Amino acid sequence: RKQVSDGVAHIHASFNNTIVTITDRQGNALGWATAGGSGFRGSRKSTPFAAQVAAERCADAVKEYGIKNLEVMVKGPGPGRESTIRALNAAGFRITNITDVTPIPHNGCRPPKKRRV
Amino acid sequence: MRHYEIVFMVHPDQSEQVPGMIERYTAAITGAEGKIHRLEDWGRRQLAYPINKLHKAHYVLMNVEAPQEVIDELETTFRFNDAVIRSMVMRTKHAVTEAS
Amino acid sequence: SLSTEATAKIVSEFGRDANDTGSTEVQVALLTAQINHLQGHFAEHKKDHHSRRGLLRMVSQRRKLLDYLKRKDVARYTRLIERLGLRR
Amino acid sequence: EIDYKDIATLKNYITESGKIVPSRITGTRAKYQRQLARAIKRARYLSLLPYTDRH
Amino acid sequence: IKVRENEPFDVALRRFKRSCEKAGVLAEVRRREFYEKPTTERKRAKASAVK
RNA sequence: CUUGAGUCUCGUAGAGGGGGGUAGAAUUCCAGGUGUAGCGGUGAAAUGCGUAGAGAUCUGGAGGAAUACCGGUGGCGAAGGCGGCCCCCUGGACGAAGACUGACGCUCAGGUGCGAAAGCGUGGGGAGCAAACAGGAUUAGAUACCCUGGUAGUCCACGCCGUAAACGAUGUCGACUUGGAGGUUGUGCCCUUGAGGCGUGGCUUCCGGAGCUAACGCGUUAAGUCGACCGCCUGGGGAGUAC
Ligand SMILES: [Mg+2]
Ligand SMILES: [Mg+2]
Ligand SMILES: [Mg+2]
Ligand SMILES: [Mg+2]
Ligand SMILES: [Mg+2]
């Protein structure tokens with residue numbers, strides 16, 4: 001509705017869910033879409049496919065924003081982390097620079113115990 | 001007295017002070033019978049990471065030979081001089097000269 | 001450890017002559033140095049236990065050294081003590 | 001091979017993530033690797049080298 | 001990691017990503033540390049590396 | 001007397017110790033911009049957090065703890081233990097040529113001191129994790145494992161406590177006893193014409209012969225062959241309990 005012609009694509013590929021938020025280079029959320037919020041839940045929403053079917057739905061918003069091309073901001077493991085890209089890259093959206101913003105602490109915080117079964 | 005390779009980078013829009021700072025330092029050092037075996041000046045050089053913004057600073061070298069007593073009086077001056085930013089200083093390792 | 005200057009210096013002062021560091025009397029004095037000096041370093045910090053080891057070690061060595069002198073020459077022994085203000 | 005100023009030589013023992021390369025991948029002596037690796041560190045603290053590919 | 005390609009051919013080149021970061025430095029920290037496991041479990045790798 | 005031990009000169013490497021700085025990565029929190037209906041979590045869930053606008057995203061800021069990579073069969077230390085970088089104060093180990101003292105040594109009941117973590121005192125600090133505790137789920141039950149929170153504590157200063165599978169489950173010091181492979185650091189030599197090669201010291205992994213062993217296994221870093229000194233064992237339970 002403002003025609004930005006281009007922005008950036010954020011992907012929060014978590015181990016349980018994946019979400020894609022397209023925003024102008026400034027960092028202002030233009031349009032977002034999440035796997036879970038796309039029907040399938042639990043086991044199904046945490047699959048690679050889920051990210052794709054969900055991601056494509058994000059473009060269904062940030063596209064009518066004049067957007068032509070965009071970058072890639074991937075962080076965290078889990079599926080879709082790679083899938084999400086192809087969706088956009090193939091959704092006509094001209095790609096450009098793929099970057100892995102995945103955080104990596106040089107040893108600072110102590111992770112939680114948990115997981116013990 | 002021992003050697004001390006000191007490299008202090010100063011704020012970009014403060015280059016005019018660079019000469020003043022240097023001249024002042026060398027003075028005190030020499031005054032206490034210090035020996036300067038080198039003195040570089042990487043000038044306004046690009047910065048790797050944005051050390052507190054301004055990805056551009058002004059470096060300089062020393063590698064003098066003054067008594068720990070004086071360098072100490074200096075090690076603090078850097079901290080109390082907004083003009084200058086990150087400051088480092090190694091030991092002797094045998095009077096280094098030229099090159100670099 | 002010890003200042004090169006003060007080291008050699010303190011040697012000539014007790015050496016049986018010159019350039020004889022191994023000399024008995026010499027060892028004591030030379031040792032008493034870092035001993036009487038470390039006091040400061042130790043007075044401060046205090047929790048520098050690991051460094052204490054070196055002190056305690058060299059400390060006991062002085063004894064084991066003086067006892068010898070007193071055993072193989074009561075003369076020099078009774079002397080050195082004086083110039084170093086040792087023995088309580 | 002042992003000096004933060006030599007930002008050139010160090011770029012040889014640093015991947016894209018800024019992290020230094022293992023002594024194996026380089027096949028260099030461990031003795032040299034130590035004094036060397038340390039240079040990268042001190043250099044990184046003078047904005048003469050990147051901590052990572054990001055910042 | 002950073003990656004920019006010239007000419008639209010669509011190639012991820014995800015190499016530079018997993019060629020260092022990604023998992024490992026992540027999957028390792030995903031859950032509680034080791035504290036003890038490193039000085040042992042981790043040092044038992046040679047028990048396999050030696051042969 | 002000089003080979004034991006030690007002193008000196010000169011170098012050698014080091015997460016060895018005390019103190020003070022200091023950088024970057026991330027976490028959480030606060031403020032605001034953008035944006036909208038989810039997020040989070042699991043085996044599923046649910047509690048929980050979201051329209052009072054979360055999550056995601058960007059900007060600024062607050063703070064605490066820990067230092068990815070290098071890093072290893074690695075290094076240092078009496079033991080415990082000790083990893084970013086910088087300086088200051090400081091101990092020990094090693095080789096080299098020699099110069100020197102001249103058996104000044106080894107061991108050691110009692111004694112002295114050092115002692116992981118948890119815990120205790122006083123006063124600080126507190127992000128993350130987390131006994132307790134609180135919900136939610138699982139189950140026949142589930143005072144647990146799993147999920148959502150979360151206090152002590154963890155961090156700090158000085159003091160106390162002295163325990164651990166405080167383990168090599170292997171006391172210390174010295175001497176001899178076939179080998180092979182490799183790591184670590186010192187030193188002598190070689191068209192050094194090379195990192196290349198040869199030696200020769202300290203340390204350290206792996207395989208292993210003789211011999212030792214009940215066997216497993218140990219094996220010049222012995223648990224082999226001997227010597228000096230010390231500690232301890234004398235069936236299992238009761239019991240490292242009572243007094
Ligand atoms: Mg819990
Ligand atoms: Mg404690
Ligand atoms: Mg307490
Ligand atoms: Mg050792
Ligand atoms: Mg064997």
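Values in this text are rule-based calculations from the coordinates and carry no lab data. Using ideal geometry, Cβ is built from the backbone for each residue, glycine included, and neighbour counts are taken over all protein chains shown.
Roughly how many debye, to the nearest 20, is the charge dipole of region B:1-92 about its Cα centre, given +1 on each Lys and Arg Cβ, -1 on each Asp and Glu Cβ, and no other charges?
Working: 11 positive and 13 negative charges, 83 e Å.
Roughly 400 debye, rounded to the nearest 20.
Using modelled amide H (1.01 Å from N, peptide plane; none on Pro or chain starts), what sits under 5 Å from the amide H of B:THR92, excluding residues fewer than 5 places away?
Residues meeting the criterion, in which the H sits 1.01 Å from N, are B:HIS3.
Considering amide H positions built from the backbone, and no H for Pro or chain starts, which residues 5 or more places from B:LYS56, or on another chain, come under 5 Å of its amide H?
So B:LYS56 has HN proximity to B:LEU47.
If I histogram all Cα-Cα distances within chain E using bins 5 Å wide from 0, what percent of pairs lands in each bin?
5, 14, 14, 16, 15, 11, 8, 7, 6, 3, 0
Can you compute the FRET efficiency between B:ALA28 and C:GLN39 using 1/(1 + (r/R0)^6), with r the Cβ-Cβ distance and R0 = 35 Å? Round to the nearest 0.05.
The calculated FRET efficiency here is 0.60.
How many Cβ atoms of partner chains, on average, are near each residue of A:89-96 if near means within 10 Å of its Cβ?
Per residue, the number of nearby Cβ atoms from other chains is 2 on average.
Would you kindly derive the ³J(HN,Hα) couplings of region D:32-37 from the backbone phi angles with the Karplus curve 6.51 cos²θ - 1.76 cosθ + 1.60 (θ = phi - 60°), listing them in order in whole Hz, with x for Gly and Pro?
6, 3, 4, 3, 5, 3
Determine the shielding of peptide E:20-31 by partner chains: average, over its residues, the number of Cβ atoms on other chains within 10 angstrom of each Cβ. Please report the intermediate quantities before stating the final value.
Values: counts 7, 10, 7, 2, 0, 6, 6, 1, 1, 7, 7, 6.
Per residue, the average neighbour count from other chains is 5.
Apply the Karplus curve 6.51 cos²θ - 1.76 cosθ + 1.60, θ = phi - 60°, to the phi angles in region B:51-67 and return the couplings in whole Hz, x for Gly and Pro.
Computed from phi, the couplings for region B:51-67 are 4, 6, 6, 6, 5, 8, 9, 10, 8, 6, 10, 9, 6, 7, 9, 9, x Hz.
What order, most packed first, do the peptides E:39-46, C:20-27 have when packing is the mean number of other Cβ atoms within 10 Å of each residue?
Listed from highest to lowest mean packing, they are C:20-27, E:39-46.
Using just the Cα positions, wrap region B:46-99 in a convex hull and report its mean projected area in square nanometres, one decimal place.
Details: hull surface 19.3 nm².
Computing the convex hull of the Cα atoms and averaging its projections yields 4.8 nm².
Give me the mean projected area, in nm² to one decimal, of the convex hull enclosing the Cα positions of chain C.
Numbers: hull surface 24.1 nm².
Mean projected area of the Cα convex hull: 6.0 nm².
By a straight-distance test (C-alpha under 13 Å), which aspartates and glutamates pair with D:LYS19 as possible cross-link partners, with residues fewer than eight away in the same chain excluded?
Excluding near neighbours in sequence, the set is D:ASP53, E:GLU21.
So which of A:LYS113/D:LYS41; A:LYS2/A:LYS68; D:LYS11/D:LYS31; A:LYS2/B:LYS53; B:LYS93/D:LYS5; C:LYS47/E:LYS43 end up more than 21 Å apart, counting from Cα to Cα? Intermediate results must be reported in sequence, preceding the final value.
Values: A:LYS113/D:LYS41 32 Å; A:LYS2/A:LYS68 13 Å; D:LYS11/D:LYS31 19 Å; A:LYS2/B:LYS53 31 Å; B:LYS93/D:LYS5 15 Å; C:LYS47/E:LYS43 33 Å.
Long pairs (Cα-Cα over 21 Å): A:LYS113/D:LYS41; A:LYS2/B:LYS53; C:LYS47/E:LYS43.
Once amide H atoms are built 1.01 Å from N in the peptide plane, which residues 5 or more positions from B:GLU40, or in another chain, come under 5 Å H to H?
Hits under the 5 Å cutoff: B:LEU61, B:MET62.
Taking the C-alpha atoms of the protein assembly as shown, how large are the radius of gyration and the largest Cα-Cα span, Dmax, in Å?
32.2, 106
Peptides E:14-27, D:38-51: what's the order by average Cβ count within 10 Å, highest mean first?
Working: E:14-27: 15.2, D:38-51: 18.7.
Most protected by this proxy first, the peptides run D:38-51, E:14-27.
How big is chain D in terms of Cα radius of gyration and Dmax, in angstroms?
10.3, 30
Just counting partner chain Cβ atoms within 10 Å, what average do the residues of peptide A:105-117 show around their Cβ?
Details: counts 3, 4, 2, 0, 2, 4, 6, 4, 3, 3, 3, 2, 0.
Mean partner-chain Cβ count within 10 Å for A:105-117: 3.
So for each of A:32-42, B:3-13, B:46-56 I average, over its residues, the number of other beta carbons within 10 Å; can you give me the resulting order with the highest mean first?
Highest to lowest by the protection proxy: B:3-13, A:32-42, B:46-56.
Restricting attention to the alpha-carbon atoms of chain B, what are Rg (one decimal) and Dmax (integer), both in Å?
Spelled out, the Cα radius of gyration and Dmax of chain B are 13.2, 38 Å.
With both bridge residues required to lie in the protein assembly as shown, what share of the DSSP beta bridges run antiparallel, to the nearest 5%? Working shown, then result.
On the way: 25 of 36 bridges.
The antiparallel proportion sits near 70 percent.
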